[PDB]
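Quick note: the coordinates plus some simple rules give every number you see, no bench work behind them. Virtual Cβ from ideal backbone geometry, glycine too; neighbours counted across all protein chains shown.
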Amino acid sequence: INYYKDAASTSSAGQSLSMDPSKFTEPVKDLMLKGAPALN
Amino acid sequence: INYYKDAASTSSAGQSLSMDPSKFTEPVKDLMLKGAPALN
Amino acid sequence: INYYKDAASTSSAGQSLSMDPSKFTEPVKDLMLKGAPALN
Amino acid sequence: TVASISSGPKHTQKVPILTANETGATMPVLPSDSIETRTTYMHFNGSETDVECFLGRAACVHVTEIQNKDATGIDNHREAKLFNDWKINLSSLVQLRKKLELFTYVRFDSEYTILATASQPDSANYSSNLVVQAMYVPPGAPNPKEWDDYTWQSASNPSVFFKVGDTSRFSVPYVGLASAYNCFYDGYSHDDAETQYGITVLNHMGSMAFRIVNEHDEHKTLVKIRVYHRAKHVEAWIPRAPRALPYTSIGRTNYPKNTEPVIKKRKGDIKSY
Amino acid sequence: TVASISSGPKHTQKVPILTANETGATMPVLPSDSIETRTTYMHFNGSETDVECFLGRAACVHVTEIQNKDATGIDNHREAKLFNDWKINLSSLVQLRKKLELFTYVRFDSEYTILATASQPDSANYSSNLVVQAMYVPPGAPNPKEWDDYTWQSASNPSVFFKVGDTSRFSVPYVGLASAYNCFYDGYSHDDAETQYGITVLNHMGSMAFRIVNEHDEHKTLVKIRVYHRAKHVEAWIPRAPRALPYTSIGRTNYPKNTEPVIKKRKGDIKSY
Amino acid sequence: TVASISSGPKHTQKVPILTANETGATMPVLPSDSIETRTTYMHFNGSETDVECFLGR
Amino acid sequence: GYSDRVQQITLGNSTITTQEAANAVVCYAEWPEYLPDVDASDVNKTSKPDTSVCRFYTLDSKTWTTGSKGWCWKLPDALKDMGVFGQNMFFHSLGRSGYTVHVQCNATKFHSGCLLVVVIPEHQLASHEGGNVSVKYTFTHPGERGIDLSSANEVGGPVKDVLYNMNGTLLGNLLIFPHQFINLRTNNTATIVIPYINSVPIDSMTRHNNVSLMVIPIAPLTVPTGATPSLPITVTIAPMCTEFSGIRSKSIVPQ
Amino acid sequence: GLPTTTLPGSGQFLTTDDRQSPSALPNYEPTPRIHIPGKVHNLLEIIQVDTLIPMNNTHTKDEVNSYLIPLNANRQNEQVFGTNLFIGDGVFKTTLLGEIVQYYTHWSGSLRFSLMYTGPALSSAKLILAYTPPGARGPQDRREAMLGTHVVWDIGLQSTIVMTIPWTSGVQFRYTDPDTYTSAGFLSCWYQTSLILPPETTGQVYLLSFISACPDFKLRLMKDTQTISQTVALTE
Amino acid sequence: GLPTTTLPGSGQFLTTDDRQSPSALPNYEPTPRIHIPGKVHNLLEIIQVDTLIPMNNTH
Amino acid sequence: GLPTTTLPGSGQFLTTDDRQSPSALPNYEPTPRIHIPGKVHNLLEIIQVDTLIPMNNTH
Ligand SMILES: Cc1cc(CCCCCCCOc2ccc(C3=NCCO3)cc2)on1
Ligand SMILES: Cc1cc(CCCCCCCOc2ccc(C3=NCCO3)cc2)on1
């Protein structure tokens, strides 16, 4: 129950439960498959 | 009504109403019947 | 609404609205009718 | 509901007003058995005479006192009121007692309110703020000996901490050993030739102990505890004659010697108005 | 539920009362196996002996003390009780300890209540109003060194601020590293020839630190902290023999030398009543 | 959720543990690519590492 | 014609027969079983030597005499040197096991005496020094020799006082632990099956013992007239459902 | 803003109340539970396991010997042991039953008292155990004893005898701390015929005695035990 | 957090008010009731039994 | 007026609690979000990127 009118006044947000490290761990242009050779 | 998000914050648990003394009072391998001889 | 788990914690009881003085006012073994003679 | 029905002249062989009181009954005679009446309604239910209502308001049952002071060199805390215990019991202050003893057996839940106020009878710079800790102490329970014993840990014993000036309130289920509490008991705890007699051998809820949690300031502070008790969920059996003479002891029926006549003497004749 | 069934005379070849205790069992013998009984009902559930109930009330687990005073020229705040830390731990005050050690492994959530009261043992004009700040400080956590270090910023570490005289209350989930807390541990932290032994190497919740946020007034104020702990959501495995001798140390089973006989000697014979 | 799957001996032409870090990637290698593992579950969600939680006290 | 009395336990390449048993106890009514995945944490596949480790090792014999106070062995310690069980033990980082314990003591129908055979999960011993003196490693790792409760206090060792179970509890209440009596007049062996009991799914076998087996004379040995005044007691123990994990170099432990 | 009124008791801390609290560690994930044999749910589960009673209390320092009740060969008519039944005190007090009863104020229910015989197999004996319900004195001779609850025990192949002290009471609860009104009786044991040892055998034989509660049993109103105390906080 | 306002009378103790309270003895089981003749429910029940009047008050 | 009781902990400030508060700036409209590459949701996302270890610590 929100007792207040504005959105800033609500409690903390709830877990992204998004999670996708590939923008950080695999930003390569041509896709690399694990097990296939790195450099062909 | 829980007012809080986490489970630790809820009140005391409610009675097991489990109760089974046999693990402590009769841990024998071959079942003993009351009234039958203890050692055959 | 009870906020508490135990019965002792609830408020006062509510009126018997029982009321039967005959155990105190007429505990006689043979029933006496008003208007009939007391001793026959 | 009618309080009176309409009734007119009578010339009968059926006389409801002649009875034989030797029988032990109180025959239910009404105004309309002996005068001519008109209808009237009751307009009333008898709500406020219910035993739950009669025993259901808080009554002061105990006033004790403890002090906060330097215990340094005190050989007997209990004796310095460094903490004080109360052999729990409900028939010590007398107003509520007469009310309960209108019945022989009584059963109910208790709601306790504890008010604590402080006094500083001799020169203090200020009023300190003390926290009281009253803890239940039932029979066969290690008893506190100093005001800061291991006892006060109260790991298994219910205790409440509140501030002096405030009030504490909690409710205890009916803790009697039998089905009801005996308001009276014409027995002994065993057939001993010298054992005590009456209710004290049966009412044995153990006792309640109070202390201040605070260490001492430079002045001394008197804290006086008042315990109030309210019966809730009341059940009462077997009415008895009300108490006429004054009380002398917790738990015995004894009255004082050379007491005074309790029935008011007429100023005049039997014939006087 | 029947507590006893009705049972009459017996003349059998089937004797339930003869057993062989060497087997390790406790055969479930009842009054009705050896006397003639009548039916009676239990009228009871065993509610208040549930382990959740047994370990579920607040027990005092720790009393510490800190003071508010001018830190000017104090070379060691910790040492002046300008703030004090508590190597957290639940087996130091002993009432709750005996209760927990009835089990080998225990798992539960904790609810802490912290009561703080102030004392002014020497001449003050008044009672000041101090705010306490107890902050959690787990292992491998920069430790406070002065009563007003960067540590107290506590940007990532849960801390509660409450007023002296009041109480603070919060609840911490079961923080054990394993599936249960070991009440006992017959091991070492590694196969070292001189490493310590027992539970202390396993119970390593880190510690809890307290301080007053207020700067100093002209007088000095003693604040004494009492931490209460209540287990909620209890789970206990493997019952053990209750503690008989007194305790000497947090985390070891050791008892004192030349202790006294714990079994009461008869005043009379084996035959005595 | 499985934290580790069961995996046994390997004698392949397909080597997941040889990579080229010059590429800028961190290849997602697991215990089961180089030892024999048994199944185990995570039992955990990563709740308390959410940025809302990290900056939220 | 089956009696509670005669029994055969075959485990691996070894068999035990008793013609005078008194049933058998299975701790907490649970039988040893391997570690399920749902309970697993370490990702390593475990090693289950089976029949080469799950057989019966008979420890060296003790001698019950009228002065005996009782003996105490710790598991897996007592077996630290038995065959391949022991090797596996020193060579893996973690291991887990249940056991069948069979304690033997026969006499004649003229002797009297009664031993308590009990298994105590997590038996943390007390220092006889009091205070917070610890009990050094070696002292709680006696190996097959076990601890002799009638031996003298030593320094860094545990207290050996029997009315207190070596920990501040009374001998009389040891009966809350899985146990069985050997009463010369009834019984000649005691057998207890121990499931693996720990707060972690698998642990180190060298830094932590998870049960102490204790044999304690309670009704003193009384031999017939002009009999030799003593009887030997033998303990045979078999690891069951053993699993080892995290193999490597081979632990080096004090002393 | 909703109008409220606060009642007496506001701000109090009652160690026995059960309410919700904020978690200090928001979002933390506890370690998974694994299975452990032995879970206890009720103290009523464990007080049904029997434990030994130091009946032979007559020593002067605690010894293994106060668990042993001695028996003499060839005595006739005589008394083996006696005790009152204050389960919260005296012999009972250190037993597991005694030890738990002490965490509660009231108890009700039946008790199971058993004796296991340890004499040579070629000996024989007949004993009588008697329970004397409240109201009479501890019996002074078997004649007196045999008129109340009793079992003639014949020592045989079956080594133990289980006597039950059936709940005999006016009031439905008794106090665990000993008190009179609430007292439970006496337990005595006498030779019914007598112990007889085989040839080549000699001396005393002993009985071990246990106590546990029947499934009948009720304990209520928790409190603190007189069995443990302390003078300064312990440290590491 | 829900916004509240406290009214006059907050914190007072009125010996006649009737509200709920926490039980000090959570989970305790009271002794069963047995039957007892004579239960009273209203004081109105008993004032209908007649009793003697010391009319001759002149002593 | 609805009867209430306050519990232990009233008035405390726990830096880790999560509740509602009045907004000081009623009705204010925040700047629109635009898209920015790189959003992080969990610290678990970033500890999977490898970084160099100063293994040769001997300086
Ligand atoms: C006649 C007659 C009838 C009665 C009943 C007396 C029983 C009342 C005593 C029982 C109250 O028990 C308590 C329960 C809890 C606490 C307590 N909890 C926290 C602090 O104190 C104190 C007493 O007494 N005389
Ligand atoms: C046996 C046995 C079992 C146990 C369990 C001990 C664990 C209890 C310590 C953990 C409590 O953790 C805390 C969490 C939060 C805070 C805190 N939050 C704000 C202020 O303090 C303090 C401690 O210990 N011994």
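Ranked by Cβ crowding within 10 angstrom, fewest neighbours first, how are C:24, G:177 ordered?
C:24, G:177
In which sequence would E:235, E:22, H:200 go, from the one with the fewest C-beta neighbours within 10 Å to the one with the most?
Fewest-to-most ranking of E:235, E:22, H:200: H:200, E:235, E:22.
Considering the options H:161, H:133, H:25, tell which one lies farthest towards the positive end of the dipole of chain H, charges being +1 on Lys and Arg and -1 on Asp and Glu at the Cβ, about the Cα centre.
Checking the options against the dipole of chain H, the answer is H:133.
For the cross-link pairs G:109/G:160; E:69/E:145; H:93/H:218; B:23/C:5, which exceed 22 Å when the distance is taken from alpha carbon to alpha carbon?
Violating the 22 Å Cα-Cα cut-off are G:109/G:160; B:23/C:5.
Quick one: grab Rg to one decimal and Dmax as a whole number for chain D, Cα atoms only, in Å.
26.5, 91
Ordered by residue, what ³J(HN,Hα) values in Hz, to whole numbers, does segment E:226-234 give under the Karplus form 6.51 cos²θ - 1.76 cosθ + 1.60, where θ = phi - 60° and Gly and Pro are x?
Calculated HN-Hα couplings, in order: 10, 9, 9, 10, 10, 7, 10, 6, 6 Hz.
What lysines could a cross-link reach from residue G:80, if we take a straight Cα to Cα line under 21 Å and drop same-chain neighbours fewer than 8 places away?
Filter leaves G:48, G:62, G:136, G:250.
What residues have an amide H closer than 5 Å to that of residue E:164, excluding those fewer than 5 places away on the same chain, when H is modeled at 1.01 Å from N in the peptide plane?
Those lying under 5 Å, H to H, from residue E:164 are E:130, E:131, E:132.
Residue-wise, which Karplus ³J(HN,Hα) couplings in Hz belong to segment H:114-130, taking 6.51 cos²θ - 1.76 cosθ + 1.60, θ = phi - 60°, and x for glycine or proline?
Listing the rounded values in order: 10, 10, 10, 8, 10, x, x, 4, 7, 9, 8, 6, 9, 10, 10, 9, 10 Hz.
Could you calculate the contour length gain from residue H:2 to residue H:146, that is, 0.36 nm times the residue separation minus the distance between their Cα atoms, to one decimal place in nm?
44.4 nm
Putting +1 on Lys and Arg Cβ atoms and -1 on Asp and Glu Cβ atoms, find which of D:108, D:144, D:40 reaches farthest to the positive end of the dipole of chain D.
Result: D:40, furthest along the dipole toward the positive end.
Based on DSSP H runs of at least 4 residues, each adding -39500 (n - 2.57), what is the mean residue ellipticity at 222 nm of the protein assembly as shown after dividing by all its residues, to the nearest 500 deg cm²/dmol?
-1000 deg cm²/dmol
Ranked highest first by average number of other Cβ atoms within 10 Å, how do D:171-181, D:115-125, E:132-142 line up?
By packing density, highest mean first, the sequence is D:171-181, E:132-142, D:115-125.
Just counting partner chain Cβ atoms within 10 Å, what average do the residues of peptide G:101-111 show around their Cβ?
Taking all residues of G:101-111 together, the mean is 2.
Starting from the Cα of residue F:6, step 7 Å along the direction of its Cβ; do the same at residue G:81; then give the gap between the two resulting points in nm.
3.9 nm
Report the paramagnetic label zone for residue E:148: residues of segment E:69-87 whose backbone N is under 16 Å from a point 7 Å from Cα along the Cα-to-Cβ axis.
E:69-78, E:82-83
Would you mind giving the mean number of other chain beta-carbons within 10 Å of the Cβ of each residue in H:129-137, as a whole number?
1
Taking amide H positions as placed 1.01 Å from N in the peptide plane, with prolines and chain starts having none, which residues 5 or more places from residue E:183, or on another chain, fall under 5 Å of its amide H?
Sorted by chain and number, the residues that satisfy this are E:105, E:106.
How many nm separate the modelled label positions at residue E:13 and residue H:226, each set 7 Å beyond the Cα in the direction of the Cβ?
If labels sit at residue E:13 and residue H:226, their model points lie 5.2 nm apart.
Could you work out the per residue convex hull volume over the alpha carbons of chain F, in cubic angstrom?
Hull volume over Cα atoms, normalised by residue count, gives 115 Å³.
Please report the Cα spread of the protein assembly as shown along all three principal axes, rounded to whole Å, starting with the longest.
127, 104, 65
Starting from the Cα of residue G:65, step 7 Å toward the Cβ, then list every residue of segment G:211-254 with an amide N under 20 Å from that point.
Of the residues in segment G:211-254, G:215-235 have backbone N under 20 Å from the label point off residue G:65.
Quick one: if you stick a label point 7 Å off each Cα along the C-beta vector at residue I:43 and residue D:123, how many nm between them?
Once both label points are built, they end up 5.3 nm from each other.
For segment F:30-35, just list the computed ³J(HN,Hα) in residue order, Karplus coefficients 6.51, -1.76 and 1.60, θ = phi - 60°, integers in Hz, with x standing in for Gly and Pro.
Coupling constants for segment F:30-35: 10, x, 6, 10, 9, 10 Hz.
Identify, among I:52, E:82, G:131, the residue whose Cα sits farthest towards the positive end of the charge dipole of the protein assembly as shown, taking +1 on the Cβ of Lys and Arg and -1 on the Cβ of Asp and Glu, with the dipole about the Cα centre.
The Cα lying farthest towards the positive end belongs to I:52.
Any idea what the dipole of chain I comes to, in debye rounded to 20, about its Cα centre with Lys/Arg Cβ at +1 and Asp/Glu Cβ at -1?
So the dipole magnitude of chain I works out to roughly 100 debye.
Ignore the peptide's own chain and count Cβ atoms of other chains within 10 Å of each Cβ in D:237-247; give me the average, rounded.
2
Which order results if G:240, C:19, G:205 are arranged by neighbouring Cβ count within 10 Å, fewest first?
Lowest to highest Cβ neighbour count: C:19, G:240, G:205.
Once chain G is represented by equal point scatterers at the alpha-carbon sites, with solvent omitted, what log10 I(q)/I(0) does the Debye formula produce at q = 0.11, 0.13 Å⁻¹?
Calculated log10 I(q)/I(0) at the listed q: -0.61, -0.85.
5 Å is the cut-off here: which amide hydrogens, built 1.01 Å from N in the peptide plane, fall below it relative to residue G:64, excluding neighbours closer than 5 in sequence?
Excluding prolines and chain starts, which carry no amide H, the hits are G:231, G:233.
May I ask you to order H:94-100, G:140-146, D:249-255 by the average number of other C-beta atoms within 10 Å around their residues, highest value first?
Descending mean neighbour count gives H:94-100, G:140-146, D:249-255.
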